[PDB]
């Protein structure tokens, strides 16, 4: 981690490129364990065969979590995040394409909006994009964080 980033330092257009990783069975099962949610499309081989997907697929919440995660990993190793006060919200999430057990997803975040909040902080809005190994857009989202203003 280098130096902290304040609200004024963040400028619309900046993009963060996360490190790609192959979604795996272990990934799917871990998420299912953690959420105690075994929806058959994700964890029932027999059930998946009769669906429009034919094979089992990753949970959308899993892809979103891994995405936000690999993006934050870049910020975490380049800035002092003490100025990142809170995760404000997630305004939009669209599950476009399914992610299969051997797909390699890559996420990117771009600053698209900034709003003043109070005398000590402002909210920054990011556009999240997740693509698979063949460039296809599998997931898209809009999320925002409340970050501290310079002293």
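Positions refer to the first chain, counted from 1.
Discussion item. Comparing average C-alpha B factors as deposited, tell me which of 5 to 13 and 18 to 26 sits higher.
Written reply: The entry gives the higher C-alpha B-factor average to 5 to 13.
Worksheet item: Higher mean Cα B-factor in the deposited model: 58 to 66 or 90 to 98?
Response: Per the PDB record, 90 to 98.
Discussion item. Just the C-alpha B-factor column, please: which of 52, 32, 111, 107 has the biggest number?
Written reply: That would be 52, according to the entry.
Worksheet item: Thinking about Cα B factors across the chain, which third does residue 117 belong to?
Response: For residue 117, whose C-alpha B-factor we compare with every modelled residue in the chain, the answer is the highest third.
Discussion item. Please say which third, lowest, middle or highest, residue 37 falls into when its CA temperature factor is compared across its chain.
Written reply: Tercile = lowest for this residue's CA B-factor.
Item to complete: Would you mind checking where the Cα B-factor of residue 123 ranks among the modelled residues of its chain, as the lowest, middle or highest third?
Response: Its C-alpha B-factor, which the entry lists for residue 123, ranks in the highest third among residues of this chain.
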